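Each remark here refers to the structure printed beneath this line.
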Protein chains: 2
Amino acid sequence: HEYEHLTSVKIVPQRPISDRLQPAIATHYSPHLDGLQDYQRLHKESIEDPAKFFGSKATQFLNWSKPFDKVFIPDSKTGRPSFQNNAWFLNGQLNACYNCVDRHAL
Amino acid sequence: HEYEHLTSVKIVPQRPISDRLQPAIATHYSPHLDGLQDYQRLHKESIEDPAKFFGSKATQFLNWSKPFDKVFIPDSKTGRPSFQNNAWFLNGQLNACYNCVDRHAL
């Protein structure tokens with residue numbers, strides 16, 4: 001059709017890998033997302049309310065010097081983040097080098 | 001011997017002083033360390049785990065603008081403080097003048 005050639009392909013499922021794990025993780029390896037169904041529900045949450053999805057991951061994985069007050073600046077017409085006045089983690093402070101090196105080196 | 005002359009001396013114990021106290025402290029004076037046995041146990045703790053000994057005194061006697069996260073950077077081979085990368089009270093903030101003057105003047 002209009003791209004019928006390009007898109008007319010078979011879907012390839014992903015096979016589990018256990019036999020390529022190195023001893024370092026062989027005893028505890030587990031994927032961060034369990035399946036498509038978690039992607040789907042998590043994605044939904046990420047779009048519908050970023051305030052919680054990013055809000056939490058932002059403090060769980062980054063080491064802040066000063067906590068932030070607002071996850072994002074909303075668009076007046078909708079609860080989604082604004083393009084023109086895009087800003088996140090307002091009023092917090094964070095040093096990239098700290099998170100990249102010192103956090104682990106120490 | 002090898003310094004037998006120099007070191008061959010009598011030990012002089014310290015005598016209590018109460019009769020040289022001024023009225024200002026005469027009613028409440030008490031030494032900060034009670035005896036050699038406290039020196040000995042406290043010293044032991046100071047060497048074995050500085051994290052607590054200095055860690056606490058650091059916040060009890062200095063007025064911090066921002067609390068610190070780490071008492072010190074350890075030596076990879078031992079729990080003691082590193083000479084080459086010596087640093088203490090990491091990530092806190094402290095103004096020396098504040099502690100020297102304003103803290104008391106106010």
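By convention in this document, the chains of the structure tokens carry letters A, B, ... by their order, each chain's residues are numbered from 1, and ligands are numbered from 1 in the order they are shown.
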
Using every C-alpha atom paired in order, could you least-squares fit chain A onto chain B and give me the moved chain as a PDB file with N, CA and C atoms, in the first residue's frame?
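File written: superposed32.pdb
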ATOM      1  N   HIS A   1      70.685   5.491  79.486  1.00  0.00           N
ATOM      2  CA  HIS A   1      70.721   4.694  78.327  1.00  0.00           C
ATOM      3  C   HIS A   1      70.767   5.567  77.088  1.00  0.00           C
ATOM      4  N   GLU A   2      69.826   5.363  76.187  1.00  0.00           N
ATOM      5  CA  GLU A   2      69.750   6.166  75.006  1.00  0.00           C
ATOM      6  C   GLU A   2      68.681   7.085  75.444  1.00  0.00           C
ATOM      7  N   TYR A   3      69.121   8.185  75.999  1.00  0.00           N
ATOM      8  CA  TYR A   3      68.256   9.171  76.594  1.00  0.00           C
ATOM      9  C   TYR A   3      67.883   8.835  78.017  1.00  0.00           C
ATOM     10  N   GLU A   4      68.628   7.939  78.648  1.00  0.00           N
ATOM     11  CA  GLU A   4      68.340   7.633  80.029  1.00  0.00           C
ATOM     12  C   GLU A   4      68.381   8.862  80.885  1.00  0.00           C
ATOM     13  N   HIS A   5      69.296   9.784  80.630  1.00  0.00           N
ATOM     14  CA  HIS A   5      69.300  10.968  81.462  1.00  0.00           C
ATOM     15  C   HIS A   5      68.020  11.753  81.262  1.00  0.00           C
ATOM     16  N   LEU A   6      67.731  12.101  80.017  1.00  0.00           N
ATOM     17  CA  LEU A   6      66.549  12.879  79.679  1.00  0.00           C
ATOM     18  C   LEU A   6      65.253  12.348  80.233  1.00  0.00           C
ATOM     19  N   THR A   7      65.041  11.054  80.144  1.00  0.00           N
ATOM     20  CA  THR A   7      63.755  10.510  80.518  1.00  0.00           C
ATOM     21  C   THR A   7      63.664  10.020  81.950  1.00  0.00           C
ATOM     22  N   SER A   8      64.738  10.115  82.718  1.00  0.00           N
ATOM     23  CA  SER A   8      64.706   9.562  84.062  1.00  0.00           C
ATOM     24  C   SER A   8      64.178  10.575  85.040  1.00  0.00           C
ATOM     25  N   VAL A   9      62.878  10.737  85.013  1.00  0.00           N
ATOM     26  CA  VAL A   9      62.256  11.739  85.837  1.00  0.00           C
ATOM     27  C   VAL A   9      61.088  11.177  86.609  1.00  0.00           C
ATOM     28  N   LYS A  10      60.692  11.915  87.631  1.00  0.00           N
ATOM     29  CA  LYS A  10      59.532  11.608  88.444  1.00  0.00           C
ATOM     30  C   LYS A  10      58.265  12.108  87.787  1.00  0.00           C
ATOM     31  N   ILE A  11      57.194  11.361  87.956  1.00  0.00           N
ATOM     32  CA  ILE A  11      55.899  11.779  87.473  1.00  0.00           C
ATOM     33  C   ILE A  11      55.219  12.665  88.471  1.00  0.00           C
ATOM     34  N   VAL A  12      54.745  13.798  88.003  1.00  0.00           N
ATOM     35  CA  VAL A  12      54.059  14.729  88.858  1.00  0.00           C
ATOM     36  C   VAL A  12      52.566  14.647  88.575  1.00  0.00           C
ATOM     37  N   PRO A  13      51.740  14.268  89.540  1.00  0.00           N
ATOM     38  CA  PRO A  13      50.302  14.133  89.408  1.00  0.00           C
ATOM     39  C   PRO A  13      49.730  15.512  89.414  1.00  0.00           C
ATOM     40  N   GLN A  14      48.525  15.722  88.915  1.00  0.00           N
ATOM     41  CA  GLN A  14      47.955  17.057  88.967  1.00  0.00           C
ATOM     42  C   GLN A  14      47.076  17.130  90.191  1.00  0.00           C
ATOM     43  N   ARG A  15      47.109  18.256  90.854  1.00  0.00           N
ATOM     44  CA  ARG A  15      46.377  18.511  92.062  1.00  0.00           C
ATOM     45  C   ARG A  15      45.105  19.210  91.644  1.00  0.00           C
ATOM     46  N   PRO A  16      44.000  19.018  92.340  1.00  0.00           N
ATOM     47  CA  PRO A  16      42.758  19.684  92.045  1.00  0.00           C
ATOM     48  C   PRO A  16      42.895  21.137  92.336  1.00  0.00           C
ATOM     49  N   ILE A  17      42.191  21.941  91.576  1.00  0.00           N
ATOM     50  CA  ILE A  17      42.146  23.361  91.812  1.00  0.00           C
ATOM     51  C   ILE A  17      40.735  23.782  92.071  1.00  0.00           C
ATOM     52  N   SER A  18      40.490  24.428  93.199  1.00  0.00           N
ATOM     53  CA  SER A  18      39.144  24.894  93.469  1.00  0.00           C
ATOM     54  C   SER A  18      39.294  26.256  94.041  1.00  0.00           C
ATOM     55  N   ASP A  19      40.453  26.440  94.587  1.00  0.00           N
ATOM     56  CA  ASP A  19      40.814  27.611  95.325  1.00  0.00           C
ATOM     57  C   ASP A  19      41.381  28.714  94.479  1.00  0.00           C
ATOM     58  N   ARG A  20      41.357  28.504  93.185  1.00  0.00           N
ATOM     59  CA  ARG A  20      41.762  29.497  92.227  1.00  0.00           C
ATOM     60  C   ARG A  20      40.597  29.797  91.315  1.00  0.00           C
ATOM     61  N   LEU A  21      39.416  29.305  91.644  1.00  0.00           N
ATOM     62  CA  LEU A  21      38.311  29.596  90.762  1.00  0.00           C
ATOM     63  C   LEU A  21      37.773  30.966  91.089  1.00  0.00           C
ATOM     64  N   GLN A  22      37.285  31.642  90.082  1.00  0.00           N
ATOM     65  CA  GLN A  22      36.665  32.921  90.291  1.00  0.00           C
ATOM     66  C   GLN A  22      35.191  32.661  90.515  1.00  0.00           C
ATOM     67  N   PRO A  23      34.473  33.538  91.228  1.00  0.00           N
ATOM     68  CA  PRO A  23      33.048  33.427  91.508  1.00  0.00           C
ATOM     69  C   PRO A  23      32.209  33.078  90.295  1.00  0.00           C
ATOM     70  N   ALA A  24      32.604  33.564  89.124  1.00  0.00           N
ATOM     71  CA  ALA A  24      31.913  33.307  87.874  1.00  0.00           C
ATOM     72  C   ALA A  24      31.686  31.832  87.592  1.00  0.00           C
ATOM     73  N   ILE A  25      32.656  30.989  87.952  1.00  0.00           N
ATOM     74  CA  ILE A  25      32.542  29.570  87.696  1.00  0.00           C
ATOM     75  C   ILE A  25      32.628  28.782  88.959  1.00  0.00           C
ATOM     76  N   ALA A  26      32.851  29.451  90.061  1.00  0.00           N
ATOM     77  CA  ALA A  26      33.001  28.744  91.305  1.00  0.00           C
ATOM     78  C   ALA A  26      31.796  27.878  91.613  1.00  0.00           C
ATOM     79  N   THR A  27      30.611  28.273  91.174  1.00  0.00           N
ATOM     80  CA  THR A  27      29.431  27.512  91.493  1.00  0.00           C
ATOM     81  C   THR A  27      29.125  26.370  90.544  1.00  0.00           C
ATOM     82  N   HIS A  28      29.772  26.295  89.399  1.00  0.00           N
ATOM     83  CA  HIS A  28      29.418  25.228  88.471  1.00  0.00           C
ATOM     84  C   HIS A  28      30.597  24.547  87.790  1.00  0.00           C
ATOM     85  N   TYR A  29      31.813  24.978  88.072  1.00  0.00           N
ATOM     86  CA  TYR A  29      32.978  24.408  87.440  1.00  0.00           C
ATOM     87  C   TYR A  29      33.107  22.925  87.588  1.00  0.00           C
ATOM     88  N   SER A  30      33.388  22.300  86.467  1.00  0.00           N
ATOM     89  CA  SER A  30      33.644  20.896  86.380  1.00  0.00           C
ATOM     90  C   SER A  30      34.455  20.706  85.110  1.00  0.00           C
ATOM     91  N   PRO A  31      35.491  19.889  85.111  1.00  0.00           N
ATOM     92  CA  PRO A  31      36.360  19.657  83.976  1.00  0.00           C
ATOM     93  C   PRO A  31      35.608  18.981  82.882  1.00  0.00           C
ATOM     94  N   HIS A  32      36.037  19.165  81.638  1.00  0.00           N
ATOM     95  CA  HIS A  32      35.354  18.509  80.525  1.00  0.00           C
ATOM     96  C   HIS A  32      35.667  17.011  80.447  1.00  0.00           C
ATOM     97  N   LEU A  33      36.853  16.607  80.875  1.00  0.00           N
ATOM     98  CA  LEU A  33      37.243  15.205  80.927  1.00  0.00           C
ATOM     99  C   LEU A  33      37.485  14.897  82.384  1.00  0.00           C
ATOM    100  N   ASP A  34      36.893  13.822  82.878  1.00  0.00           N
ATOM    101  CA  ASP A  34      36.977  13.490  84.292  1.00  0.00           C
ATOM    102  C   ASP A  34      38.287  12.834  84.736  1.00  0.00           C
ATOM    103  N   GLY A  35      38.979  12.159  83.835  1.00  0.00           N
ATOM    104  CA  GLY A  35      40.216  11.494  84.221  1.00  0.00           C
ATOM    105  C   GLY A  35      40.894  10.806  83.055  1.00  0.00           C
ATOM    106  N   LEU A  36      42.033  10.198  83.345  1.00  0.00           N
ATOM    107  CA  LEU A  36      42.831   9.536  82.345  1.00  0.00           C
ATOM    108  C   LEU A  36      42.077   8.414  81.720  1.00  0.00           C
ATOM    109  N   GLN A  37      41.255   7.728  82.497  1.00  0.00           N
ATOM    110  CA  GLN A  37      40.512   6.617  81.956  1.00  0.00           C
ATOM    111  C   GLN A  37      39.483   7.052  80.919  1.00  0.00           C
ATOM    112  N   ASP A  38      39.049   8.316  80.940  1.00  0.00           N
ATOM    113  CA  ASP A  38      38.089   8.732  79.955  1.00  0.00           C
ATOM    114  C   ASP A  38      38.855   9.153  78.754  1.00  0.00           C
ATOM    115  N   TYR A  39      40.013   9.743  78.985  1.00  0.00           N
ATOM    116  CA  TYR A  39      40.852  10.059  77.866  1.00  0.00           C
ATOM    117  C   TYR A  39      41.127   8.793  77.121  1.00  0.00           C
ATOM    118  N   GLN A  40      41.532   7.767  77.829  1.00  0.00           N
ATOM    119  CA  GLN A  40      41.891   6.553  77.152  1.00  0.00           C
ATOM    120  C   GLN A  40      40.753   5.940  76.373  1.00  0.00           C
ATOM    121  N   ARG A  41      39.542   5.898  76.917  1.00  0.00           N
ATOM    122  CA  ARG A  41      38.516   5.253  76.126  1.00  0.00           C
ATOM    123  C   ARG A  41      38.049   6.146  75.003  1.00  0.00           C
ATOM    124  N   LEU A  42      38.031   7.451  75.230  1.00  0.00           N
ATOM    125  CA  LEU A  42      37.559   8.369  74.221  1.00  0.00           C
ATOM    126  C   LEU A  42      38.540   8.418  73.077  1.00  0.00           C
ATOM    127  N   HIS A  43      39.826   8.396  73.395  1.00  0.00           N
ATOM    128  CA  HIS A  43      40.854   8.402  72.394  1.00  0.00           C
ATOM    129  C   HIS A  43      40.682   7.172  71.563  1.00  0.00           C
ATOM    130  N   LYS A  44      40.538   6.028  72.207  1.00  0.00           N
ATOM    131  CA  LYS A  44      40.326   4.830  71.438  1.00  0.00           C
ATOM    132  C   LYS A  44      39.212   5.014  70.424  1.00  0.00           C
ATOM    133  N   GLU A  45      38.052   5.540  70.845  1.00  0.00           N
ATOM    134  CA  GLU A  45      36.933   5.716  69.920  1.00  0.00           C
ATOM    135  C   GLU A  45      37.285   6.674  68.796  1.00  0.00           C
ATOM    136  N   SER A  46      37.996   7.739  69.117  1.00  0.00           N
ATOM    137  CA  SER A  46      38.370   8.723  68.122  1.00  0.00           C
ATOM    138  C   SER A  46      39.203   8.114  67.017  1.00  0.00           C
ATOM    139  N   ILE A  47      40.086   7.191  67.369  1.00  0.00           N
ATOM    140  CA  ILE A  47      40.913   6.554  66.364  1.00  0.00           C
ATOM    141  C   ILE A  47      40.133   5.490  65.616  1.00  0.00           C
ATOM    142  N   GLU A  48      39.442   4.617  66.340  1.00  0.00           N
ATOM    143  CA  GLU A  48      38.724   3.517  65.701  1.00  0.00           C
ATOM    144  C   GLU A  48      37.546   3.935  64.830  1.00  0.00           C
ATOM    145  N   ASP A  49      36.790   4.966  65.199  1.00  0.00           N
ATOM    146  CA  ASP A  49      35.656   5.354  64.373  1.00  0.00           C
ATOM    147  C   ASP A  49      35.372   6.860  64.426  1.00  0.00           C
ATOM    148  N   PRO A  50      36.157   7.668  63.685  1.00  0.00           N
ATOM    149  CA  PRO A  50      36.107   9.125  63.631  1.00  0.00           C
ATOM    150  C   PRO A  50      34.760   9.626  63.190  1.00  0.00           C
ATOM    151  N   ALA A  51      34.066   8.768  62.459  1.00  0.00           N
ATOM    152  CA  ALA A  51      32.758   9.044  61.922  1.00  0.00           C
ATOM    153  C   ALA A  51      31.800   9.442  62.998  1.00  0.00           C
ATOM    154  N   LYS A  52      31.955   8.886  64.179  1.00  0.00           N
ATOM    155  CA  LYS A  52      31.046   9.247  65.222  1.00  0.00           C
ATOM    156  C   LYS A  52      31.691  10.272  66.117  1.00  0.00           C
ATOM    157  N   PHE A  53      32.953  10.081  66.460  1.00  0.00           N
ATOM    158  CA  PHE A  53      33.571  11.037  67.370  1.00  0.00           C
ATOM    159  C   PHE A  53      33.545  12.459  66.827  1.00  0.00           C
ATOM    160  N   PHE A  54      34.088  12.655  65.624  1.00  0.00           N
ATOM    161  CA  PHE A  54      34.131  13.982  65.063  1.00  0.00           C
ATOM    162  C   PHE A  54      32.801  14.294  64.486  1.00  0.00           C
ATOM    163  N   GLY A  55      32.187  13.301  63.897  1.00  0.00           N
ATOM    164  CA  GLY A  55      30.891  13.525  63.302  1.00  0.00           C
ATOM    165  C   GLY A  55      29.966  14.284  64.233  1.00  0.00           C
ATOM    166  N   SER A  56      29.844  13.828  65.474  1.00  0.00           N
ATOM    167  CA  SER A  56      28.987  14.514  66.419  1.00  0.00           C
ATOM    168  C   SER A  56      29.540  15.837  66.909  1.00  0.00           C
ATOM    169  N   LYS A  57      30.809  15.899  67.289  1.00  0.00           N
ATOM    170  CA  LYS A  57      31.314  17.154  67.819  1.00  0.00           C
ATOM    171  C   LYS A  57      31.218  18.258  66.776  1.00  0.00           C
ATOM    172  N   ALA A  58      31.359  17.887  65.529  1.00  0.00           N
ATOM    173  CA  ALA A  58      31.271  18.819  64.441  1.00  0.00           C
ATOM    174  C   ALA A  58      29.946  19.526  64.378  1.00  0.00           C
ATOM    175  N   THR A  59      28.849  18.902  64.794  1.00  0.00           N
ATOM    176  CA  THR A  59      27.586  19.597  64.696  1.00  0.00           C
ATOM    177  C   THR A  59      27.184  20.154  66.028  1.00  0.00           C
ATOM    178  N   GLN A  60      27.756  19.627  67.088  1.00  0.00           N
ATOM    179  CA  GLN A  60      27.420  20.121  68.398  1.00  0.00           C
ATOM    180  C   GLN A  60      28.124  21.409  68.729  1.00  0.00           C
ATOM    181  N   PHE A  61      29.295  21.662  68.160  1.00  0.00           N
ATOM    182  CA  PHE A  61      29.973  22.899  68.494  1.00  0.00           C
ATOM    183  C   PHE A  61      30.070  23.932  67.379  1.00  0.00           C
ATOM    184  N   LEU A  62      29.755  23.586  66.151  1.00  0.00           N
ATOM    185  CA  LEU A  62      29.822  24.533  65.047  1.00  0.00           C
ATOM    186  C   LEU A  62      28.436  24.757  64.526  1.00  0.00           C
ATOM    187  N   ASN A  63      28.146  25.964  64.144  1.00  0.00           N
ATOM    188  CA  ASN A  63      26.844  26.270  63.629  1.00  0.00           C
ATOM    189  C   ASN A  63      26.874  26.293  62.108  1.00  0.00           C
ATOM    190  N   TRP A  64      26.310  25.251  61.513  1.00  0.00           N
ATOM    191  CA  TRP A  64      26.330  25.008  60.075  1.00  0.00           C
ATOM    192  C   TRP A  64      25.207  25.716  59.352  1.00  0.00           C
ATOM    193  N   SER A  65      25.487  26.220  58.149  1.00  0.00           N
ATOM    194  CA  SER A  65      24.447  26.839  57.327  1.00  0.00           C
ATOM    195  C   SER A  65      23.745  25.759  56.554  1.00  0.00           C
ATOM    196  N   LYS A  66      24.502  24.737  56.241  1.00  0.00           N
ATOM    197  CA  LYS A  66      24.023  23.589  55.527  1.00  0.00           C
ATOM    198  C   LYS A  66      24.694  22.393  56.170  1.00  0.00           C
ATOM    199  N   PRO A  67      23.964  21.353  56.542  1.00  0.00           N
ATOM    200  CA  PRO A  67      24.511  20.171  57.161  1.00  0.00           C
ATOM    201  C   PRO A  67      25.366  19.431  56.182  1.00  0.00           C
ATOM    202  N   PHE A  68      26.340  18.705  56.688  1.00  0.00           N
ATOM    203  CA  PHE A  68      27.197  17.904  55.842  1.00  0.00           C
ATOM    204  C   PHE A  68      26.696  16.493  55.735  1.00  0.00           C
ATOM    205  N   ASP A  69      27.122  15.806  54.681  1.00  0.00           N
ATOM    206  CA  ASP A  69      26.732  14.424  54.476  1.00  0.00           C
ATOM    207  C   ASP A  69      27.764  13.446  54.965  1.00  0.00           C
ATOM    208  N   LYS A  70      29.036  13.756  54.767  1.00  0.00           N
ATOM    209  CA  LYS A  70      30.044  12.773  55.134  1.00  0.00           C
ATOM    210  C   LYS A  70      31.125  13.296  56.018  1.00  0.00           C
ATOM    211  N   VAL A  71      31.398  12.552  57.050  1.00  0.00           N
ATOM    212  CA  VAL A  71      32.403  13.040  57.934  1.00  0.00           C
ATOM    213  C   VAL A  71      33.739  13.042  57.237  1.00  0.00           C
ATOM    214  N   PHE A  72      34.112  11.973  56.532  1.00  0.00           N
ATOM    215  CA  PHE A  72      35.411  12.013  55.865  1.00  0.00           C
ATOM    216  C   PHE A  72      35.529  11.079  54.684  1.00  0.00           C
ATOM    217  N   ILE A  73      36.560  11.295  53.868  1.00  0.00           N
ATOM    218  CA  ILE A  73      36.856  10.385  52.764  1.00  0.00           C
ATOM    219  C   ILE A  73      37.820   9.305  53.236  1.00  0.00           C
ATOM    220  N   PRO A  74      37.423   8.038  53.234  1.00  0.00           N
ATOM    221  CA  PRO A  74      38.202   6.926  53.717  1.00  0.00           C
ATOM    222  C   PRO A  74      39.265   6.519  52.755  1.00  0.00           C
ATOM    223  N   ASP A  75      40.279   5.899  53.314  1.00  0.00           N
ATOM    224  CA  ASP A  75      41.349   5.258  52.591  1.00  0.00           C
ATOM    225  C   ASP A  75      40.871   3.896  52.085  1.00  0.00           C
ATOM    226  N   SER A  76      41.013   3.632  50.793  1.00  0.00           N
ATOM    227  CA  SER A  76      40.539   2.369  50.225  1.00  0.00           C
ATOM    228  C   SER A  76      41.012   1.130  50.988  1.00  0.00           C
ATOM    229  N   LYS A  77      42.208   1.180  51.567  1.00  0.00           N
ATOM    230  CA  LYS A  77      42.761   0.007  52.248  1.00  0.00           C
ATOM    231  C   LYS A  77      42.351  -0.128  53.718  1.00  0.00           C
ATOM    232  N   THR A  78      41.721   0.894  54.286  1.00  0.00           N
ATOM    233  CA  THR A  78      41.382   0.895  55.705  1.00  0.00           C
ATOM    234  C   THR A  78      40.292   1.918  56.032  1.00  0.00           C
ATOM    235  N   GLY A  79      39.601   1.734  57.129  1.00  0.00           N
ATOM    236  CA  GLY A  79      38.538   2.687  57.447  1.00  0.00           C
ATOM    237  C   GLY A  79      39.009   4.053  57.940  1.00  0.00           C
ATOM    238  N   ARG A  80      40.303   4.241  58.066  1.00  0.00           N
ATOM    239  CA  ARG A  80      40.829   5.492  58.546  1.00  0.00           C
ATOM    240  C   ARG A  80      40.888   6.537  57.427  1.00  0.00           C
ATOM    241  N   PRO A  81      40.855   7.827  57.763  1.00  0.00           N
ATOM    242  CA  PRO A  81      40.993   8.944  56.850  1.00  0.00           C
ATOM    243  C   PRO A  81      42.251   8.935  56.023  1.00  0.00           C
ATOM    244  N   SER A  82      42.071   9.213  54.735  1.00  0.00           N
ATOM    245  CA  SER A  82      43.135   9.287  53.740  1.00  0.00           C
ATOM    246  C   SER A  82      43.998  10.527  53.857  1.00  0.00           C
ATOM    247  N   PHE A  83      45.318  10.383  53.688  1.00  0.00           N
ATOM    248  CA  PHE A  83      46.178  11.567  53.667  1.00  0.00           C
ATOM    249  C   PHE A  83      46.167  12.287  52.349  1.00  0.00           C
ATOM    250  N   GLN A  84      46.154  11.534  51.277  1.00  0.00           N
ATOM    251  CA  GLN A  84      46.231  12.093  49.945  1.00  0.00           C
ATOM    252  C   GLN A  84      44.948  12.763  49.521  1.00  0.00           C
ATOM    253  N   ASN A  85      43.831  12.291  50.023  1.00  0.00           N
ATOM    254  CA  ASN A  85      42.555  12.863  49.663  1.00  0.00           C
ATOM    255  C   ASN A  85      41.805  13.226  50.911  1.00  0.00           C
ATOM    256  N   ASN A  86      42.509  13.860  51.825  1.00  0.00           N
ATOM    257  CA  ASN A  86      41.944  14.289  53.083  1.00  0.00           C
ATOM    258  C   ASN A  86      40.900  15.363  52.882  1.00  0.00           C
ATOM    259  N   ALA A  87      39.700  15.118  53.368  1.00  0.00           N
ATOM    260  CA  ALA A  87      38.620  16.080  53.312  1.00  0.00           C
ATOM    261  C   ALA A  87      37.618  15.673  54.354  1.00  0.00           C
ATOM    262  N   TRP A  88      36.994  16.657  54.984  1.00  0.00           N
ATOM    263  CA  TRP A  88      36.045  16.419  56.058  1.00  0.00           C
ATOM    264  C   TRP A  88      34.767  17.232  55.946  1.00  0.00           C
ATOM    265  N   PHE A  89      33.696  16.705  56.498  1.00  0.00           N
ATOM    266  CA  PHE A  89      32.413  17.393  56.546  1.00  0.00           C
ATOM    267  C   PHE A  89      31.979  17.795  55.161  1.00  0.00           C
ATOM    268  N   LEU A  90      32.029  16.826  54.293  1.00  0.00           N
ATOM    269  CA  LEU A  90      31.734  17.037  52.914  1.00  0.00           C
ATOM    270  C   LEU A  90      30.317  17.455  52.693  1.00  0.00           C
ATOM    271  N   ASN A  91      30.212  18.410  51.799  1.00  0.00           N
ATOM    272  CA  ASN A  91      29.026  19.039  51.276  1.00  0.00           C
ATOM    273  C   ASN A  91      28.283  19.937  52.246  1.00  0.00           C
ATOM    274  N   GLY A  92      28.854  20.241  53.408  1.00  0.00           N
ATOM    275  CA  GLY A  92      28.204  21.192  54.293  1.00  0.00           C
ATOM    276  C   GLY A  92      28.738  22.574  54.016  1.00  0.00           C
ATOM    277  N   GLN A  93      28.160  23.573  54.674  1.00  0.00           N
ATOM    278  CA  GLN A  93      28.589  24.962  54.533  1.00  0.00           C
ATOM    279  C   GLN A  93      28.654  25.622  55.885  1.00  0.00           C
ATOM    280  N   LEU A  94      29.689  26.418  56.078  1.00  0.00           N
ATOM    281  CA  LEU A  94      29.983  26.995  57.369  1.00  0.00           C
ATOM    282  C   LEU A  94      30.743  28.294  57.273  1.00  0.00           C
ATOM    283  N   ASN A  95      30.231  29.350  57.860  1.00  0.00           N
ATOM    284  CA  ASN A  95      30.961  30.605  57.825  1.00  0.00           C
ATOM    285  C   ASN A  95      31.729  30.832  59.117  1.00  0.00           C
ATOM    286  N   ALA A  96      33.050  30.903  59.016  1.00  0.00           N
ATOM    287  CA  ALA A  96      33.885  31.053  60.200  1.00  0.00           C
ATOM    288  C   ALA A  96      33.590  32.298  61.011  1.00  0.00           C
ATOM    289  N   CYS A  97      33.248  33.398  60.353  1.00  0.00           N
ATOM    290  CA  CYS A  97      32.998  34.637  61.061  1.00  0.00           C
ATOM    291  C   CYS A  97      31.720  34.526  61.842  1.00  0.00           C
ATOM    292  N   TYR A  98      30.751  33.841  61.259  1.00  0.00           N
ATOM    293  CA  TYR A  98      29.493  33.672  61.948  1.00  0.00           C
ATOM    294  C   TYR A  98      29.757  32.988  63.262  1.00  0.00           C
ATOM    295  N   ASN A  99      30.484  31.891  63.201  1.00  0.00           N
ATOM    296  CA  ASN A  99      30.750  31.137  64.404  1.00  0.00           C
ATOM    297  C   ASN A  99      31.615  31.879  65.410  1.00  0.00           C
ATOM    298  N   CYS A 100      32.553  32.697  64.930  1.00  0.00           N
ATOM    299  CA  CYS A 100      33.439  33.453  65.805  1.00  0.00           C
ATOM    300  C   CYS A 100      32.817  34.683  66.432  1.00  0.00           C
ATOM    301  N   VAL A 101      31.974  35.395  65.709  1.00  0.00           N
ATOM    302  CA  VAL A 101      31.429  36.604  66.277  1.00  0.00           C
ATOM    303  C   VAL A 101      29.938  36.562  66.419  1.00  0.00           C
ATOM    304  N   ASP A 102      29.220  36.445  65.315  1.00  0.00           N
ATOM    305  CA  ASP A 102      27.775  36.662  65.381  1.00  0.00           C
ATOM    306  C   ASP A 102      27.086  35.706  66.306  1.00  0.00           C
ATOM    307  N   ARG A 103      27.557  34.500  66.306  1.00  0.00           N
ATOM    308  CA  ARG A 103      26.983  33.490  67.143  1.00  0.00           C
ATOM    309  C   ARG A 103      26.957  33.896  68.605  1.00  0.00           C
ATOM    310  N   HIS A 104      27.936  34.659  69.049  1.00  0.00           N
ATOM    311  CA  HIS A 104      28.001  35.053  70.427  1.00  0.00           C
ATOM    312  C   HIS A 104      27.449  36.446  70.599  1.00  0.00           C
ATOM    313  N   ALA A 105      27.765  37.334  69.683  1.00  0.00           N
ATOM    314  CA  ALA A 105      27.320  38.711  69.795  1.00  0.00           C
ATOM    315  C   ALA A 105      25.823  38.818  69.820  1.00  0.00           C
ATOM    316  N   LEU A 106      25.146  37.925  69.131  1.00  0.00           N
ATOM    317  CA  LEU A 106      23.712  37.971  69.087  1.00  0.00           C
ATOM    318  C   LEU A 106      23.056  37.290  70.268  1.00  0.00           C
TER     319      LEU A 106
END

- prompt: Running DSSP on the backbone, which parts of chain A land in strand (DSSP E or B), as a PyMOL selection string?
  reply: chain A and resi 66+70-72+74-75+78-81+88-90+93

Can you spit out the residues from that selection as a compact mmCIF listing (two decimals), in the first residue's frame, using C-alpha atoms?
# COMPACT_ATOMS: atom_id res chain seq x y z
CA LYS A 66 18.60 21.30 47.52
CA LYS A 70 7.80 21.84 41.47
CA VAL A 71 8.09 19.12 39.02
CA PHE A 72 7.07 21.29 36.08
CA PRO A 74 1.98 23.50 33.34
CA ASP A 75 0.31 24.73 30.23
CA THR A 78 -4.03 21.59 30.08
CA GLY A 79 -2.24 19.76 32.87
CA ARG A 80 0.58 18.76 30.55
CA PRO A 81 4.02 20.48 30.46
CA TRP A 88 11.47 21.14 35.46
CA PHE A 89 12.44 20.53 39.07
CA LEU A 90 12.06 24.14 39.88
CA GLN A 93 19.98 22.46 42.99

message: According to DSSP computed on the backbone, where in segment 3-78 of chain B is there helix (DSSP H, G or I)? Give the residues as JSON, numbers by chain.
response: {"B": [4, 5, 6, 7, 23, 24, 25, 26, 36, 37, 38, 39, 40, 41, 42, 43, 44, 45, 46, 47, 48, 50, 51, 52, 53, 54, 55, 56, 57, 58, 59, 60, 61]}
